[PDB]
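A.B. asks: Sharing protein_1.pdb here; it has PDB, C-alpha atoms.
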```
MODEL        1
ATOM      1  CA  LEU C   1     133.610 159.246  83.453
ATOM      2  CA  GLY C   2     134.656 159.017  79.797
ATOM      3  CA  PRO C   3     134.420 161.509  76.932
ATOM      4  CA  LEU C   4     130.877 162.584  76.136
ATOM      5  CA  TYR C   5     130.074 162.699  72.436
ATOM      6  CA  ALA C   6     127.035 164.492  71.020
ATOM      7  CA  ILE C   7     125.673 163.388  67.660
ATOM      8  CA  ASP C   8     125.015 166.789  66.133
ATOM      9  CA  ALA C   9     122.434 165.957  63.467
ATOM     10  CA  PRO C  10     119.090 165.318  65.207
ATOM     11  CA  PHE C  11     117.348 162.044  64.446
ATOM     12  CA  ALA C  12     113.910 162.084  62.794
ATOM     13  CA  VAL C  13     112.148 158.806  61.913
ATOM     14  CA  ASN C  14     108.719 157.259  61.514
ATOM     15  CA  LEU C  15     107.378 155.189  64.357
ATOM     16  CA  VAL C  16     105.139 152.232  63.554
ATOM     17  CA  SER C  17     101.575 153.603  63.580
ATOM     18  CA  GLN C  18      99.028 151.018  62.453
ATOM     19  CA  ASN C  19      96.393 153.794  62.771
ATOM     20  CA  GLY C  20      98.080 157.054  61.715
ATOM     21  CA  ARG C  21     101.507 158.505  60.917
ATOM     22  CA  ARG C  22     103.616 159.353  63.974
ATOM     23  CA  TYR C  23     107.134 160.822  64.083
ATOM     24  CA  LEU C  24     109.961 160.641  66.626
ATOM     25  CA  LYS C  25     112.555 163.394  66.879
ATOM     26  CA  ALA C  26     115.513 162.804  69.227
ATOM     27  CA  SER C  27     118.934 164.342  70.001
ATOM     28  CA  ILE C  28     121.364 161.624  71.198
ATOM     29  CA  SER C  29     124.679 161.744  73.038
ATOM     30  CA  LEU C  30     126.947 158.753  73.688
ATOM     31  CA  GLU C  31     129.299 158.351  76.622
ATOM     32  CA  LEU C  32     132.523 156.848  75.267
ATOM     33  CA  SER C  33     134.514 154.308  77.291
ATOM     34  CA  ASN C  34     137.898 155.841  76.377
ATOM     35  CA  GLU C  35     139.500 158.556  74.231
ATOM     36  CA  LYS C  36     140.708 156.120  71.541
ATOM     37  CA  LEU C  37     137.082 155.498  70.562
ATOM     38  CA  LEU C  38     136.534 159.179  69.777
ATOM     39  CA  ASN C  39     138.267 158.918  66.418
ATOM     40  CA  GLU C  40     136.533 155.622  65.677
ATOM     41  CA  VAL C  41     133.087 157.037  66.289
ATOM     42  CA  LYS C  42     133.847 159.955  63.974
ATOM     43  CA  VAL C  43     135.172 157.562  61.304
ATOM     44  CA  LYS C  44     132.112 155.323  61.742
ATOM     45  CA  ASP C  45     129.510 158.129  61.949
ATOM     46  CA  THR C  46     127.575 156.775  58.959
ATOM     47  CA  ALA C  47     127.410 153.238  60.381
ATOM     48  CA  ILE C  48     126.299 154.574  63.772
ATOM     49  CA  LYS C  49     123.565 156.743  62.260
ATOM     50  CA  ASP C  50     122.304 153.768  60.281
ATOM     51  CA  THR C  51     122.016 151.654  63.399
ATOM     52  CA  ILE C  52     120.214 154.229  65.497
ATOM     53  CA  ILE C  53     117.769 154.877  62.651
ATOM     54  CA  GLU C  54     116.938 151.180  62.417
ATOM     55  CA  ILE C  55     116.317 150.935  66.174
ATOM     56  CA  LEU C  56     114.177 154.071  66.527
ATOM     57  CA  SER C  57     112.195 153.529  63.319
ATOM     58  CA  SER C  58     111.194 150.036  64.500
ATOM     59  CA  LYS C  59     109.391 151.051  67.695
ATOM     60  CA  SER C  60     105.778 152.060  68.294
ATOM     61  CA  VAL C  61     104.510 155.040  70.256
ATOM     62  CA  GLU C  62     103.597 152.740  73.159
ATOM     63  CA  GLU C  63     107.134 151.338  73.197
ATOM     64  CA  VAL C  64     108.899 154.703  73.740
ATOM     65  CA  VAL C  65     106.604 156.916  75.881
ATOM     66  CA  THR C  66     107.365 155.202  79.185
ATOM     67  CA  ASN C  67     110.712 155.309  80.939
ATOM     68  CA  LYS C  68     110.975 151.510  80.718
ATOM     69  CA  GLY C  69     110.626 151.976  76.952
ATOM     70  CA  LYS C  70     113.235 154.727  76.749
ATOM     71  CA  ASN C  71     115.587 152.556  78.820
ATOM     72  CA  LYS C  72     114.949 149.531  76.606
ATOM     73  CA  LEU C  73     115.740 151.949  73.790
ATOM     74  CA  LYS C  74     119.058 153.076  75.283
ATOM     75  CA  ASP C  75     120.189 149.488  75.888
ATOM     76  CA  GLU C  76     119.290 148.452  72.350
ATOM     77  CA  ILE C  77     121.351 151.406  71.051
ATOM     78  CA  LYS C  78     124.296 150.512  73.316
ATOM     79  CA  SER C  79     124.393 146.873  72.366
ATOM     80  CA  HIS C  80     123.945 147.187  68.592
ATOM     81  CA  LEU C  81     126.661 149.873  68.338
ATOM     82  CA  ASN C  82     128.859 147.808  70.649
ATOM     83  CA  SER C  83     128.538 144.798  68.376
ATOM     84  CA  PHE C  84     130.862 146.478  65.838
ATOM     85  CA  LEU C  85     132.982 149.012  67.738
ATOM     86  CA  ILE C  86     136.575 147.961  68.287
ATOM     87  CA  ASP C  87     138.605 150.637  70.072
ATOM     88  CA  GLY C  88     136.104 151.020  72.906
ATOM     89  CA  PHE C  89     132.404 150.753  73.687
ATOM     90  CA  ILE C  90     129.407 152.968  74.448
ATOM     91  CA  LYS C  91     129.103 153.411  78.224
ATOM     92  CA  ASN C  92     125.787 155.331  78.288
ATOM     93  CA  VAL C  93     123.201 156.835  75.935
ATOM     94  CA  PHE C  94     121.648 160.224  76.734
ATOM     95  CA  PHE C  95     118.678 161.995  75.145
ATOM     96  CA  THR C  96     118.747 165.806  75.155
ATOM     97  CA  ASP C  97     115.647 166.151  72.992
ATOM     98  CA  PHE C  98     112.891 163.549  72.697
ATOM     99  CA  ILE C  99     109.421 164.267  71.332
ATOM    100  CA  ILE C 100     106.724 162.476  69.322
ATOM    101  CA  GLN C 101     104.540 164.118  66.673
TER     102      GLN C 101
ENDMDL
END
```
Represent the supplied structure as C-alpha cells.
C.D. replies:
Amino acid sequence: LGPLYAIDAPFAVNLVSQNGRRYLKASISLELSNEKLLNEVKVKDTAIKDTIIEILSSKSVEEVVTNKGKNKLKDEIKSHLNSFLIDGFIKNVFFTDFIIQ
C-alpha cells in the first residue's frame, strides 16, 4: 500500500458526442508505487494533467458509463502516465467524483 495522491483540481472535458454536447467531470487520485515518486508527480503535474485530459476527452458517453469502460479508462491512465514516469509508477487510479452532463 503506497502513498495515495489526490489531484486537487477536478477534471472537466468534452466527451465525443456526434449528436449533442456532453461533459465529463471527474476527481482522480493516483496510488503511487513508492515515496520517491511523490516529488516527481508534483514536478510533473502539468504533464500528468495533459495526459489525463487527452484520455478522458477522447472517449464517448457509451465508453465510460459501464464499469468495463471505467476500468478501461483507469488502465489507459495508468499506462500512459507510466510511459514517462521514472522514479516509480502508478499502482492504481481511483475516482472520487465521476459524472456526465
A.B. asks: What does the distance between CA of residue 29 in chain C and CA of residue 92 in chain C come to in Å, to one decimal place?
C.D. replies: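 One can read the CA of residue 29 in chain C to CA of residue 92 in chain C distance as 8.4 Å.
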A.B. asks: Pick out the closest residue to residue 87 in chain C from this set: C:11, C:17, C:41, C:61. Count all atoms listed in the file.
C.D. replies: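 Checking each of C:11, C:17, C:41, C:61 against residue 87 in chain C, counting all atoms listed in the file, the winner is C:41.
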A.B. asks: Show me, as a VMD selection string, the residues that have an atom within 12 Å of residue 52 in chain C when counting only C-alpha atoms, minus same-chain residues fewer than 3 positions from it.
C.D. replies: chain C and resid 7 10 to 13 26 to 30 45 to 49 55 to 59 73 to 82 93
A.B. asks: Kindly indicate which residue among C:16, C:94, C:99, C:22 lies nearest to residue 54 in chain C, using only C-alpha atoms for the distances.
C.D. replies: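 Closest to residue 54 in chain C, using only C-alpha atoms: C:16.
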A.B. asks: Hey, which of C:63, C:8, C:20, C:40 ends up closest to residue 90 in chain C? Count all atoms listed in the file.
C.D. replies: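 Looking only at the distances to residue 90 in chain C, the closest residue turns out to be C:40.
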A.B. asks: Build an axis-aligned box that encloses every atom of range 22-26 of chain C listed in the file, pad it by 3 Å on each side, and report its centre and edge lengths in Å to one decimal, as AutoDock Vina command-line options.
C.D. replies:
```
--center_x 109.6 --center_y 161.4 --center_z 66.6 --size_x 17.9 --size_y 10.0 --size_z 11.3
```
A.B. asks: Which residues, written as an MDAnalysis selection string, have at least one atom at most 10 Å from residue 44 in chain C, with all atoms listed in the file counted and residues fewer than 5 positions away on the same chain left out?
C.D. replies: chainID C and resid 38:39 49 84:85
A.B. asks: Would you mind listing, for every residue of range 24-78 of chain C within 7 Å of range 2-5 of chain C, the two atoms forming the shortest contact and the distance between them in Å to one decimal, using all atoms listed in the file, sorted by chain and ascending residue number, as a Markdown table?
C.D. replies:
```
| residue | atom | partner | partner_atom | distance |
| --- | --- | --- | --- | --- |
| C:29 | CA | C:5 | CA | 5.5 |
| C:30 | CA | C:5 | CA | 5.2 |
| C:31 | CA | C:4 | CA | 4.5 |
| C:32 | CA | C:3 | CA | 5.3 |
| C:33 | CA | C:2 | CA | 5.3 |
| C:34 | CA | C:2 | CA | 5.7 |
| C:35 | CA | C:3 | CA | 6.5 |
```
A.B. asks: Between C:101, C:83, C:60, C:89, single out the one closest to residue 15 in chain C, counting only C-alpha atoms.
C.D. replies: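 Distance minimum relative to residue 15 in chain C lands on C:60.
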A.B. asks: Which of these, C:98, C:23, C:42, C:37, has the shortest distance to residue 70 in chain C once you count all atoms listed in the file?
C.D. replies: C:98
A.B. asks: So how far away is CA of residue 96 in chain C from CA of residue 9 in chain C, in Å?
C.D. replies: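 One can read the CA of residue 9 in chain C to CA of residue 96 in chain C distance as 12.3 Å.
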A.B. asks: Using all atoms listed in the file, which of the listed residues (C:62, C:53, C:36, C:18) sits closest to residue 86 in chain C?
C.D. replies: C:36
A.B. asks: Could you work out how far CA of residue 19 in chain C lies from CA of residue 64 in chain C, giving the answer in Å with one decimal?
C.D. replies: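 Value for the CA of residue 64 in chain C-CA of residue 19 in chain C distance: 16.7 Å.
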